[PDB]
>>> print(open('query-v9.csv').read())   # CSV, N, CA and C atoms and all ligand atoms
chain,number,residue,atom,x,y,z
A,526,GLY,N,-53.7,-4.1,57.3
A,526,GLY,CA,-54.6,-3.9,56.2
A,526,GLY,C,-56.1,-3.9,56.7
A,527,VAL,N,-56.4,-3.4,57.9
A,527,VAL,CA,-57.7,-3.4,58.5
A,527,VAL,C,-58.4,-2.1,58.5
A,528,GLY,N,-57.7,-1.0,58.2
A,528,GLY,CA,-58.2,0.3,58.1
A,528,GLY,C,-58.0,1.2,59.3
A,529,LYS,N,-57.2,0.7,60.3
A,529,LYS,CA,-57.0,1.5,61.5
A,529,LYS,C,-56.5,2.9,61.1
A,530,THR,N,-55.6,3.1,60.1
A,530,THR,CA,-55.3,4.4,59.7
A,530,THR,C,-56.5,5.1,59.1
A,531,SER,N,-57.3,4.4,58.3
A,531,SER,CA,-58.5,5.0,57.8
A,531,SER,C,-59.5,5.3,58.9
A,532,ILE,N,-59.5,4.5,59.9
A,532,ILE,CA,-60.4,4.8,61.1
A,532,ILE,C,-59.9,6.2,61.7
A,533,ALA,N,-58.6,6.3,61.9
A,533,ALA,CA,-58.1,7.5,62.5
A,533,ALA,C,-58.4,8.7,61.6
A,534,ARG,N,-58.2,8.6,60.3
A,534,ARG,CA,-58.5,9.6,59.4
A,534,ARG,C,-60.0,10.1,59.4
A,535,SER,N,-60.9,9.1,59.5
A,535,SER,CA,-62.3,9.4,59.6
A,535,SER,C,-62.6,10.1,60.9
A,536,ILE,N,-61.9,9.6,62.0
A,536,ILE,CA,-62.2,10.3,63.3
A,536,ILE,C,-61.7,11.7,63.2
A,537,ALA,N,-60.6,12.0,62.6
A,537,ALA,CA,-60.1,13.4,62.5
A,537,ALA,C,-61.1,14.2,61.6
A,538,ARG,N,-61.6,13.6,60.5
A,538,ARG,CA,-62.6,14.3,59.7
A,538,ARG,C,-63.8,14.7,60.5
A,539,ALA,N,-64.3,13.7,61.3
A,539,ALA,CA,-65.5,14.0,62.1
A,539,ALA,C,-65.3,15.0,63.2
A,540,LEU,N,-64.1,15.0,63.8
A,540,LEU,CA,-63.8,15.8,65.0
A,540,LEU,C,-63.4,17.2,64.6
A,541,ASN,N,-63.2,17.5,63.3
A,541,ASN,CA,-62.8,18.9,62.9
A,541,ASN,C,-61.4,19.2,63.4
A,542,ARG,N,-60.5,18.2,63.4
A,542,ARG,CA,-59.1,18.5,63.7
A,542,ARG,C,-58.2,17.8,62.7
A,543,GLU,N,-57.0,18.3,62.5
A,543,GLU,CA,-56.1,17.8,61.5
A,543,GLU,C,-55.6,16.4,61.9
A,544,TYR,N,-55.3,15.7,60.9
A,544,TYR,CA,-54.8,14.3,61.0
A,544,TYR,C,-53.3,14.2,60.8
A,545,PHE,N,-52.7,13.2,61.5
A,545,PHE,CA,-51.3,12.9,61.3
A,545,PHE,C,-51.0,11.6,61.8
A,546,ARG,N,-50.1,10.8,61.2
A,546,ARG,CA,-49.7,9.5,61.6
A,546,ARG,C,-48.2,9.5,61.8
A,547,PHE,N,-47.7,8.6,62.7
A,547,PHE,CA,-46.3,8.5,63.1
A,547,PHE,C,-46.0,7.0,63.1
A,548,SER,N,-44.8,6.7,62.6
A,548,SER,CA,-44.3,5.3,62.6
A,548,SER,C,-43.3,5.1,63.7
A,549,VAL,N,-43.6,4.2,64.6
A,549,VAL,CA,-42.7,3.9,65.7
A,549,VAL,C,-42.3,2.4,65.7
A,550,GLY,N,-42.3,1.8,64.5
A,550,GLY,CA,-42.0,0.4,64.4
A,550,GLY,C,-40.6,0.1,64.5
A,551,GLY,N,-40.1,-0.6,65.5
A,551,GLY,CA,-38.7,-1.0,65.6
A,551,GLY,C,-37.8,0.1,65.8
A,552,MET,N,-38.3,1.3,66.0
A,552,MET,CA,-37.4,2.5,66.3
A,552,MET,C,-36.7,2.3,67.6
A,553,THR,N,-35.5,2.8,67.6
A,553,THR,CA,-34.6,2.7,68.8
A,553,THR,C,-34.1,4.1,69.3
A,554,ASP,N,-33.9,5.0,68.4
A,554,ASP,CA,-33.3,6.3,68.8
A,554,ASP,C,-34.5,7.3,69.0
A,555,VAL,N,-34.7,7.7,70.3
A,555,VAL,CA,-35.7,8.7,70.6
A,555,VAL,C,-35.5,10.0,69.9
A,556,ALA,N,-34.4,10.2,69.3
A,556,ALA,CA,-34.1,11.5,68.6
A,556,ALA,C,-35.2,11.8,67.6
A,557,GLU,N,-35.8,10.8,66.9
A,557,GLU,CA,-36.9,11.1,66.0
A,557,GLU,C,-38.0,11.9,66.6
A,558,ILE,N,-38.2,11.8,67.9
A,558,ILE,CA,-39.2,12.6,68.6
A,558,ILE,C,-38.4,13.7,69.3
A,559,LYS,N,-37.2,13.5,69.8
A,559,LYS,CA,-36.4,14.5,70.6
A,559,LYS,C,-35.5,15.3,69.7
A,560,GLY,N,-35.5,15.0,68.4
A,560,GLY,CA,-34.6,15.8,67.5
A,560,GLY,C,-33.2,15.6,67.9
A,561,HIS,N,-32.5,16.8,68.0
A,561,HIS,CA,-31.1,16.8,68.5
A,561,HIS,C,-30.9,18.2,69.1
A,562,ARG,N,-29.8,18.3,69.8
A,562,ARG,CA,-29.5,19.5,70.6
A,562,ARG,C,-29.2,20.8,69.8
A,563,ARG,N,-29.4,20.7,68.4
A,563,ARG,CA,-29.5,21.9,67.6
A,563,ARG,C,-28.2,22.7,67.6
A,564,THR,N,-27.2,22.3,68.3
A,564,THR,CA,-25.8,22.9,68.1
A,564,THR,C,-25.0,22.1,67.1
A,565,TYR,N,-25.2,20.8,66.9
A,565,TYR,CA,-24.6,20.1,65.9
A,565,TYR,C,-25.2,20.4,64.5
A,566,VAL,N,-24.3,20.5,63.5
A,566,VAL,CA,-24.8,20.9,62.2
A,566,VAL,C,-25.7,19.9,61.6
A,567,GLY,N,-26.8,20.4,61.0
A,567,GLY,CA,-27.8,19.5,60.4
A,567,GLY,C,-28.8,19.0,61.3
A,568,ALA,N,-28.9,19.4,62.5
A,568,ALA,CA,-29.9,18.9,63.5
A,568,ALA,C,-31.3,19.3,63.0
A,569,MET,N,-32.2,18.3,63.2
A,569,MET,CA,-33.6,18.5,62.8
A,569,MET,C,-34.5,18.2,64.0
A,570,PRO,N,-35.6,18.9,64.2
A,570,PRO,CA,-36.6,18.6,65.3
A,570,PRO,C,-37.3,17.3,65.0
A,571,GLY,N,-37.9,16.8,66.1
A,571,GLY,CA,-38.6,15.5,66.0
A,571,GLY,C,-39.8,15.6,65.1
A,572,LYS,N,-40.3,14.4,64.8
A,572,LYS,CA,-41.5,14.3,63.9
A,572,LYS,C,-42.7,15.0,64.4
A,573,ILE,N,-42.8,15.1,65.7
A,573,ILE,CA,-44.0,15.8,66.3
A,573,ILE,C,-43.9,17.3,66.0
A,574,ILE,N,-42.7,17.9,65.9
A,574,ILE,CA,-42.6,19.3,65.5
A,574,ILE,C,-43.1,19.5,64.1
A,575,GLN,N,-42.7,18.6,63.2
A,575,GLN,CA,-43.1,18.6,61.8
A,575,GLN,C,-44.6,18.5,61.7
A,576,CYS,N,-45.2,17.6,62.5
A,576,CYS,CA,-46.6,17.4,62.5
A,576,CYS,C,-47.3,18.7,62.9
A,577,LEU,N,-46.9,19.3,64.0
A,577,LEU,CA,-47.5,20.6,64.4
A,577,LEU,C,-47.3,21.6,63.3
A,578,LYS,N,-46.1,21.7,62.7
A,578,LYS,CA,-45.8,22.7,61.7
A,578,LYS,C,-46.8,22.6,60.5
A,579,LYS,N,-47.0,21.4,60.0
A,579,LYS,CA,-47.8,21.2,58.8
A,579,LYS,C,-49.3,21.3,59.2
A,580,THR,N,-49.7,20.6,60.3
A,580,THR,CA,-51.1,20.6,60.7
A,580,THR,C,-51.6,22.0,61.0
A,581,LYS,N,-50.7,23.0,61.3
A,581,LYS,CA,-51.1,24.4,61.6
A,581,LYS,C,-52.0,24.5,62.8
A,582,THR,N,-52.0,23.5,63.7
A,582,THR,CA,-52.9,23.5,64.9
A,582,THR,C,-52.2,22.9,66.0
A,583,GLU,N,-52.6,23.3,67.3
A,583,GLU,CA,-52.1,22.7,68.5
A,583,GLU,C,-53.0,21.5,69.0
A,584,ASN,N,-54.1,21.3,68.3
A,584,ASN,CA,-55.0,20.2,68.6
A,584,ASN,C,-55.4,19.4,67.4
A,585,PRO,N,-54.3,18.8,66.7
A,585,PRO,CA,-54.6,17.9,65.7
A,585,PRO,C,-54.8,16.5,66.2
A,586,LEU,N,-55.0,15.5,65.3
A,586,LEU,CA,-55.2,14.1,65.7
A,586,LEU,C,-53.9,13.3,65.4
A,587,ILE,N,-53.1,13.0,66.4
A,587,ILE,CA,-51.8,12.3,66.3
A,587,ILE,C,-52.0,10.8,66.5
B,402,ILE,N,-12.2,36.0,50.1
B,402,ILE,CA,-13.5,36.4,49.5
B,402,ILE,C,-13.5,36.2,48.0
B,403,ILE,N,-12.4,36.4,47.3
B,403,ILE,CA,-12.3,36.0,45.9
B,403,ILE,C,-12.6,34.5,45.8
B,404,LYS,N,-12.1,33.7,46.7
B,404,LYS,CA,-12.4,32.3,46.6
B,404,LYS,C,-13.9,32.0,46.9
B,405,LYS,N,-14.5,32.7,47.8
B,405,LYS,CA,-15.9,32.5,48.1
B,405,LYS,C,-16.7,32.8,46.9
B,406,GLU,N,-16.3,33.8,46.1
B,406,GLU,CA,-17.1,34.1,44.9
B,406,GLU,C,-17.0,32.9,43.9
B,407,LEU,N,-15.8,32.4,43.7
B,407,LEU,CA,-15.7,31.2,42.8
B,407,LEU,C,-14.9,30.1,43.3
B,408,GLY,N,-13.9,30.5,44.1
B,408,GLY,CA,-12.9,29.5,44.6
B,408,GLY,C,-13.6,28.3,45.3
B,409,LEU,N,-14.5,28.7,46.2
B,409,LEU,CA,-15.3,27.6,46.9
B,409,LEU,C,-16.2,26.9,45.9
B,410,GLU,N,-16.6,27.5,44.8
B,410,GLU,CA,-17.5,27.0,43.8
B,410,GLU,C,-18.9,26.7,44.4
B,411,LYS,N,-19.1,27.0,45.7
B,411,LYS,CA,-20.4,26.8,46.3
B,411,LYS,C,-20.9,25.4,46.1
B,412,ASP,N,-20.0,24.4,46.0
B,412,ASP,CA,-20.3,23.0,45.7
B,412,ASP,C,-20.0,22.2,47.0
B,413,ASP,N,-21.0,21.4,47.4
B,413,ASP,CA,-20.8,20.5,48.5
B,413,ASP,C,-19.8,19.4,48.1
B,414,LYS,N,-19.0,19.0,49.1
B,414,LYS,CA,-18.0,18.0,48.8
B,414,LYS,C,-18.7,16.7,48.4
B,415,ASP,N,-19.4,16.0,49.2
B,415,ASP,CA,-20.2,14.8,48.9
B,415,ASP,C,-19.3,13.8,48.1
B,416,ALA,N,-18.0,13.7,48.7
B,416,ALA,CA,-17.1,12.8,48.0
B,416,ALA,C,-17.6,11.4,48.0
B,417,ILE,N,-18.0,10.8,49.1
B,417,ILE,CA,-18.6,9.5,49.2
B,417,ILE,C,-19.9,9.4,48.4
B,418,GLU,N,-20.7,10.4,48.6
B,418,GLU,CA,-22.0,10.4,47.8
B,418,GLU,C,-21.8,10.4,46.3
B,419,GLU,N,-20.9,11.3,45.8
B,419,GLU,CA,-20.7,11.4,44.4
B,419,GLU,C,-20.0,10.1,43.9
B,420,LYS,N,-19.0,9.6,44.7
B,420,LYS,CA,-18.3,8.4,44.3
B,420,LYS,C,-19.3,7.2,44.1
B,421,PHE,N,-20.1,7.0,45.1
B,421,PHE,CA,-21.1,5.9,45.0
B,421,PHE,C,-22.1,6.1,43.9
B,422,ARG,N,-22.6,7.3,43.7
B,422,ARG,CA,-23.5,7.6,42.6
B,422,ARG,C,-22.9,7.3,41.3
B,423,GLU,N,-21.7,7.7,41.0
B,423,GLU,CA,-21.1,7.4,39.8
B,423,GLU,C,-20.7,5.9,39.6
B,424,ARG,N,-20.4,5.3,40.8
B,424,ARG,CA,-20.1,3.9,40.7
B,424,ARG,C,-21.3,3.1,40.3
B,425,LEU,N,-22.5,3.4,40.8
B,425,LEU,CA,-23.7,2.7,40.5
B,425,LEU,C,-24.4,3.3,39.2
B,426,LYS,N,-23.9,4.4,38.7
B,426,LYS,CA,-24.5,5.0,37.5
B,426,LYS,C,-24.5,4.0,36.3
B,427,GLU,N,-23.4,3.4,36.0
B,427,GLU,CA,-23.3,2.5,34.9
B,427,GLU,C,-24.1,1.3,35.1
B,428,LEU,N,-24.3,0.8,36.4
B,428,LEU,CA,-25.0,-0.4,36.6
B,428,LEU,C,-26.5,-0.2,36.4
B,429,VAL,N,-27.2,-1.2,36.0
B,429,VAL,CA,-28.7,-1.2,35.8
B,429,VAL,C,-29.2,-1.6,37.2
B,430,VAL,N,-29.4,-0.6,38.0
B,430,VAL,CA,-29.8,-0.8,39.5
B,430,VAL,C,-31.3,-0.9,39.6
B,431,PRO,N,-31.8,-1.8,40.4
B,431,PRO,CA,-33.2,-1.9,40.7
B,431,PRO,C,-33.6,-0.7,41.6
B,432,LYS,N,-34.9,-0.4,41.6
B,432,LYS,CA,-35.5,0.7,42.3
B,432,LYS,C,-35.5,0.6,43.8
B,433,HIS,N,-35.8,-0.7,44.3
B,433,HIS,CA,-35.8,-0.9,45.7
B,433,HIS,C,-34.4,-0.6,46.3
B,434,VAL,N,-33.4,-1.1,45.8
B,434,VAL,CA,-32.0,-0.8,46.3
B,434,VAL,C,-31.7,0.6,46.0
B,435,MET,N,-32.3,1.2,44.9
B,435,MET,CA,-32.0,2.6,44.7
B,435,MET,C,-32.5,3.5,45.8
B,436,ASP,N,-33.8,3.3,46.2
B,436,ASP,CA,-34.3,4.1,47.4
B,436,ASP,C,-33.6,3.7,48.7
B,437,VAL,N,-33.2,2.4,48.8
B,437,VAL,CA,-32.5,2.1,50.0
B,437,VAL,C,-31.2,2.8,50.1
B,438,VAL,N,-30.4,2.9,49.0
B,438,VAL,CA,-29.2,3.6,49.0
B,438,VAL,C,-29.4,5.1,49.2
B,439,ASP,N,-30.5,5.7,48.6
B,439,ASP,CA,-30.8,7.1,48.9
B,439,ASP,C,-31.0,7.3,50.4
B,440,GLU,N,-31.8,6.5,51.0
B,440,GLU,CA,-32.1,6.6,52.5
B,440,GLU,C,-30.8,6.5,53.3
B,441,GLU,N,-29.9,5.5,52.9
B,441,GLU,CA,-28.7,5.3,53.6
B,441,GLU,C,-27.8,6.5,53.5
B,442,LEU,N,-27.7,7.1,52.3
B,442,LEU,CA,-26.9,8.3,52.1
B,442,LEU,C,-27.5,9.5,52.9
B,443,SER,N,-28.8,9.6,52.9
B,443,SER,CA,-29.4,10.7,53.8
B,443,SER,C,-29.0,10.5,55.2
B,444,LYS,N,-29.1,9.3,55.7
B,444,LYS,CA,-28.7,9.0,57.1
B,444,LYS,C,-27.2,9.3,57.3
B,445,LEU,N,-26.4,8.9,56.4
B,445,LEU,CA,-25.0,9.2,56.5
B,445,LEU,C,-24.7,10.7,56.6
B,446,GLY,N,-25.4,11.5,55.8
B,446,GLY,CA,-25.3,12.9,55.9
B,446,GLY,C,-25.8,13.4,57.2
B,447,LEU,N,-26.9,12.8,57.7
B,447,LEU,CA,-27.4,13.2,59.0
B,447,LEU,C,-26.5,13.0,60.2
B,448,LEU,N,-25.5,12.0,60.0
B,448,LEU,CA,-24.6,11.6,61.1
B,448,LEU,C,-23.3,12.4,60.9
B,449,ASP,N,-22.4,12.2,61.9
B,449,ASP,CA,-21.1,12.8,61.9
B,449,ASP,C,-20.0,11.9,61.3
B,450,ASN,N,-18.9,12.5,61.0
B,450,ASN,CA,-17.8,11.8,60.4
B,450,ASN,C,-16.8,11.3,61.4
B,451,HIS,N,-17.1,11.4,62.7
B,451,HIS,CA,-16.2,11.0,63.7
B,451,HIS,C,-16.9,10.1,64.7
B,452,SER,N,-17.8,9.2,64.2
B,452,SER,CA,-18.6,8.3,65.1
B,452,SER,C,-18.6,6.9,64.5
B,453,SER,N,-18.8,5.9,65.3
B,453,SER,CA,-18.7,4.5,64.9
B,453,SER,C,-19.9,4.2,63.9
B,454,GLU,N,-21.1,4.7,64.2
B,454,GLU,CA,-22.2,4.5,63.4
B,454,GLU,C,-22.0,5.0,62.0
B,455,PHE,N,-21.2,6.1,61.8
B,455,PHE,CA,-20.9,6.6,60.5
B,455,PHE,C,-20.0,5.6,59.8
B,456,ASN,N,-19.0,5.0,60.4
B,456,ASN,CA,-18.2,4.0,59.8
B,456,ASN,C,-19.0,2.8,59.4
B,457,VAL,N,-19.9,2.4,60.3
B,457,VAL,CA,-20.8,1.2,60.0
B,457,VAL,C,-21.6,1.5,58.8
B,458,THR,N,-22.2,2.7,58.7
B,458,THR,CA,-23.0,3.0,57.5
B,458,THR,C,-22.2,3.0,56.3
B,459,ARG,N,-21.0,3.6,56.3
B,459,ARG,CA,-20.1,3.6,55.2
B,459,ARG,C,-19.7,2.2,54.8
B,460,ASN,N,-19.5,1.3,55.7
B,460,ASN,CA,-19.1,-0.1,55.4
B,460,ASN,C,-20.3,-0.8,54.7
B,461,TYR,N,-21.5,-0.6,55.2
B,461,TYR,CA,-22.7,-1.2,54.6
B,461,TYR,C,-22.9,-0.7,53.2
B,462,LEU,N,-22.7,0.6,53.0
B,462,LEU,CA,-22.9,1.2,51.7
B,462,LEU,C,-21.8,0.7,50.7
B,463,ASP,N,-20.6,0.5,51.2
B,463,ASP,CA,-19.5,-0.1,50.4
B,463,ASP,C,-19.9,-1.5,50.0
A,601,LIG,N1,-64.8,-1.3,57.4
A,601,LIG,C1,-64.2,-0.8,56.3
A,601,LIG,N2,-65.0,-0.2,55.4
A,601,LIG,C2,-64.4,0.4,54.3
A,601,LIG,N3,-63.1,0.4,54.0
A,601,LIG,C3,-62.2,-0.2,54.9
A,601,LIG,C4,-62.8,-0.8,56.1
A,601,LIG,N4,-61.7,-1.3,56.8
A,601,LIG,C5,-60.6,-1.1,56.0
A,601,LIG,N5,-60.9,-0.4,54.9
A,601,LIG,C6,-59.9,0.0,53.9
A,601,LIG,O1,-58.6,-0.1,54.4
A,601,LIG,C7,-57.8,0.9,53.8
A,601,LIG,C8,-56.8,1.4,54.9
A,601,LIG,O2,-56.2,0.3,55.6
A,601,LIG,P1,-55.1,0.5,56.7
A,601,LIG,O3,-55.6,1.5,57.7
A,601,LIG,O4,-53.8,0.8,56.0
A,601,LIG,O5,-55.0,-0.9,57.4
A,601,LIG,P2,-54.0,-1.1,58.7
A,601,LIG,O6,-54.5,-0.1,59.7
A,601,LIG,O7,-54.2,-2.6,59.1
A,601,LIG,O8,-52.6,-0.8,58.2
A,601,LIG,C9,-58.7,2.1,53.4
A,601,LIG,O9,-58.4,2.4,52.0
A,601,LIG,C10,-60.1,1.5,53.5
A,601,LIG,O10,-60.9,1.7,52.3
>>> encode(input="query-v9.csv", output="structure tokens")
Amino acid sequence: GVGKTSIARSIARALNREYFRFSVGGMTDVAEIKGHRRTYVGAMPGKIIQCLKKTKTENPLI
Amino acid sequence: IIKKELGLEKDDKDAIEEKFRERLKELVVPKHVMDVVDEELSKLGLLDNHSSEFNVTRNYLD
């Protein structure tokens, strides 16, 4: 509750690049970044892909 | 093809999902456990039906 997320949001605002945050707390399966091999039914890409998709830019603030 | 039109009914099985939803429907369920169960069911759907983690998730949900 110190504003680090707010600090990052302000930095993104100042830098003219999109903002995005990721939660890596206690995570164990790298799949959330690596998604899955996309041949198994229901496979989804990693959160970075979603961040790029929504941010609509290749130079957002991650 | 006749079945595909109606025979399949275009309805997902969701046997475990529907069973648990109806099981908890009568109960006055808190919202925290409500969202926890929703997330657990989403994870169960994301996993396969022939893996140990699937059985562990099913046991925890039971
Ligand atoms: N120096 C500051 N000036 C103004 N607001 C601040 C400051 N530091 C923190 N905040 C407040 O903190 C909130 C966001 O905190 P957050 O980034 O969630 O903390 P943490 O990074 O510890 O989780 C914002 O709504 C912001 O108003």
>>> closest_residue(input="query-v9.csv", among="B:447, B:433, B:456, B:439", to="chain A", atoms="only C-alpha atoms")
B:447
>>> residues_near_ligand(input="query-v9.csv", ligand="ligand LIG 601 (chain A)", cutoff="5 Å", atoms="all atoms listed in the file", output="VMD selection string")
chain A and resid 526 to 531
>>> atom_distance(input="query-v9.csv", atom1="atom C of residue 534 (chain A)", atom2="CA of residue 581 (chain A)")
17.0 Å
>>> interface_residues(input="query-v9.csv", of="chain A", to="chain B", cutoff="8 Å", atoms="only N, CA and C atoms", output="PyMOL selection string")
chain A and resi 566-568
>>> residues_around(input="query-v9.csv", residues="residue 533 (chain A)", least_positions_apart="2", cutoff="10 Å", atoms="only C-alpha atoms", output="MDAnalysis selection string")
chainID A and resid 528:531 535:539 544:546 586:587
>>> atom_distance(input="query-v9.csv", atom1="CA of residue 441 (chain B)", atom2="CA of residue 580 (chain A)")
28.0 Å
>>> atom_distance(input="query-v9.csv", atom1="CA of residue 425 (chain B)", atom2="CA of residue 455 (chain B)")
20.6 Å
>>> select_by_dssp(input="query-v9.csv", residues="chain B", states="alpha helix (DSSP H)", output="VMD selection string")
chain B and resid 403 416 to 426 432 to 447 453 to 462
